[PDB]
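Residue strings, one per chain:
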Amino acid sequence: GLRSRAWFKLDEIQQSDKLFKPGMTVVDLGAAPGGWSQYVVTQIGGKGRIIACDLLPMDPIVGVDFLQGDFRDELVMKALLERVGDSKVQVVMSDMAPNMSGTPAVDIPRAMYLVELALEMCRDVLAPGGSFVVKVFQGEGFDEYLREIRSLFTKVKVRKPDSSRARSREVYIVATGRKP
Ligand SMILES: C[S@@+](CC[C@H](N)C(=O)[O-])C[C@H]1O[C@@H](n2cnc3c(N)ncnc32)[C@H](O)[C@@H]1O
Ligand SMILES: [Hg+2]
Ligand SMILES: [Hg+2]
């Protein structure tokens with residue numbers, strides 16, 4: 001196809017939630033191979049920019065500062081913050097998901113650790129009034145994580161893009177209006 005399933009899931013979210021606007025600065029976590037950043041550049045235009053990260057390498061994209069490393073490493077955080085600088089960040093987006101073993105009592109804790117890391121970076125860099133979109137799986141830990149996001153944002157929706165496989169346990173929490 002011309003674009004990946006991931007690209008289509010974000011297009012569906014932009015259609016439903018209107019997160020991306022011209023000139024915004026966006027953080028893209030678990031960016032490889034680049035669908036979400038490629039999509040966001042079409043919305044933020046050439047004057048916006050993205051600071052992206054993945055364990056895997058990916059093709060460069062004009063307007064995207066891409067750092068390849070393990071987001072679980074405190075060091076990689078430091079380097080990502082170096083690319084953000086004093087730019088205000090209007091959206092933090094995360095599509096990170098772990099290598100899955102196939103056993104939920106193992107895969108869910110691995111996945112929840114990454115979205116907890118994504119929320120901690122959101123707390124640290126997202127500007128007041130900003131948005132956070134994160135891939136999360138149904139199951140253990142989902143209720144508490146959603147409650148925490150609801151306490152930090154003015155509006156929160158749980159989206160299941162039509163492009164998301166019906167068999168997949170994933171959903172996307174879409175939060176807008178980061179509270180003061
Ligand atoms: C569903 S894919 C991302 C697809 C991407 N949104 C796109 O549009 O191409 C999930 C990504 O999370 C990344 N990931 C998982 N654990 C990570 C970690 N510790 N640090 C950085 N990226 C991680 C993976 O390497 C994988 O590329
Ligand atoms: Hg990275
Ligand atoms: Hg936040």
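Residues numbered from 1 in each chain as written, not as in the entry; some residues may be left out. Chains lettered and ligands numbered in written order. Heavy atoms only, no water. Residues with missing side-chain atoms left out of burial classes, pairs and counts.

Structure determination for this PDB entry is given in the record as X-ray crystallography, at a resolution of 1.50 Å.

Engineer: I would appreciate a short explanation of the pairing of strand β5 (residues 126-137) in the present structure.
Structural biologist: For a regular strand, side chains alternate in direction, first toward one face of the sheet and then toward the other. Burial analysis of β5 places 10 of its 12 residues in the buried class, which makes it a mostly covered element. Here strand β4 (residues 89-94) pairs with β5 via 5 bridges, running parallel. Counterpart to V91 in the pairing with β5 is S131. As paired elements, β5 and strand β7 (residues 170-178) share 6 bridges and run antiparallel to each other. Residue pairing in the sheet places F137 in a bridge with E170 of β7. (Buried < 20%, exposed > 50% of the residue type's maximum accessible area, 1.4 Å probe, protein only. Helix = DSSP H or I, 4+ residues; strand = E, 2+ residues; numbered from the N terminus. Pairing = 2+ DSSP bridges.)

Engineer: Honestly, the side chain of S164 in this entry has me stumped. Any pointers?
Structural biologist: Relative to the helices and strands, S164 is located in the loop between β6 (153-159) and β7. Residue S164 is classed as buried on the basis of its relative accessible area of 5%. Within the local environment of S164, its side chain forms a polar contact with the side chain of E170, the two groups lying 2.5 Å apart. Here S164 is in contact with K9 and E170, once residues within four sequence places are set aside. (Polar contact = N/O pair within 3.5 Å; in protein donor to acceptor, adjacent residues only side chain to side chain. Contact = heavy atoms within 4.5 Å.)

Engineer: Would you explain the side chain of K9 in this entry?
Structural biologist: Along the chain, the position of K9 falls in helix α1 (residues 5-17). Judged by relative accessible area, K9 falls into the buried class, the value being 8%. Leave out the neighbours within four places in its chain, and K9 touches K135, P161, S163, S164, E170 and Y172.

Engineer: How should the UniProt feature "active site" in the chain be read in this particular structure?
Structural biologist: Residues given the UniProt feature "active site" here are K135. If you trace the backbone, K135 turns up in strand β5. (UniProt positions renumbered as here; feature names shortened; annotations may be inferred.)

Engineer: What is the right way to look at empty space enclosed by the protein in this model?
Structural biologist: Using a probe with the size of a water molecule, rolled over the atoms, empty space left in the structure can be pinpointed. Of the pockets and cavities examined, the largest cavity occupies roughly 40 Å³. What lines the largest cavity is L119, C122, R123, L152, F153 and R178. Counted by class, the lining of the largest cavity contains 4 nonpolar, no polar and 2 charged residues. (1 Å grid on protein atoms, 1.4 Å probe; cavity = no way out; pocket = protein on both sides within 12 Å on 5 of 7 lines; lining within 4 Å. Points joined across faces, edges and corners; volume = space filled by probe spheres on them. Nonpolar A, V, L, I, M, F, W, Y, C, P; charged D, E, K, R; others polar.)

Engineer: When you look at the nonpolar core in this model, what are you seeing that I'm missing?
Structural biologist: The tendency in soluble globular proteins is for nonpolar side chains to be buried side by side. Residues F132, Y145 and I149 are the most contacted members of the largest nonpolar core, which totals 38 residues. For this core, the element with the most residues is helix α4 (residues 104-125), which contributes 11 residues. In contact with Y145, other than residues within four places in its own chain, are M112, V115, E116, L119, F132, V134, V136 and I173. Residues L19, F20, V26 and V133 belong to the second largest nonpolar core, which totals 22 residues. (Core = buried A, V, L, I, M, F, W, Y, C linked by side-chain atoms within 4.5 Å.)

Engineer: Help me understand the packing of aromatic side chains in this model?
Structural biologist: Any aromatic ring pair is given by two values, namely how distant the centres are and how the planes are angled relative to each other. Tallying each qualifying case throughout the model produces 4 aromatic pairs. Geometrically, the ring pair formed by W7 and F8 is edge-to-face, given 4.9 Å between the ring centres and 70° between the ring planes. In this structure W7 comes out as buried when scored by relative accessible area, which is 14%. Taking relative accessible area as the criterion, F8 reaches 37% and is therefore assigned partly exposed. Centroid distance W7 to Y39: 5.2 Å. Interplanar angle 85°. Geometry classified as edge-to-face. Within this pair, whereas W7 is found in helix α1, its partner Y39 is found in helix α2 (residues 35-44), the two being separated by 32 residues in sequence. The pair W7 / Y39 is uniform in exposure class, with both members buried. (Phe/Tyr/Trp six-rings, centres within 6.5 Å; stacked < 30°, edge-to-face > 60°.)

Engineer: I keep staring at α4 and nothing clicks. Help me out?
Structural biologist: Note that an α-helix has 3.6 residues per turn; residues three or four places apart therefore point the same way. Compared with the 32 Å implied by 1.5 Å per residue over 22 residues, the 31 Å span of α4 between its first and last C-alpha is a close match. All buried positions along α4 are accounted for by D107, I108, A111, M112, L114, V115, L117, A118, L119, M121, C122 and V125. (Expected span 1.5 Å × (residues − 1).)

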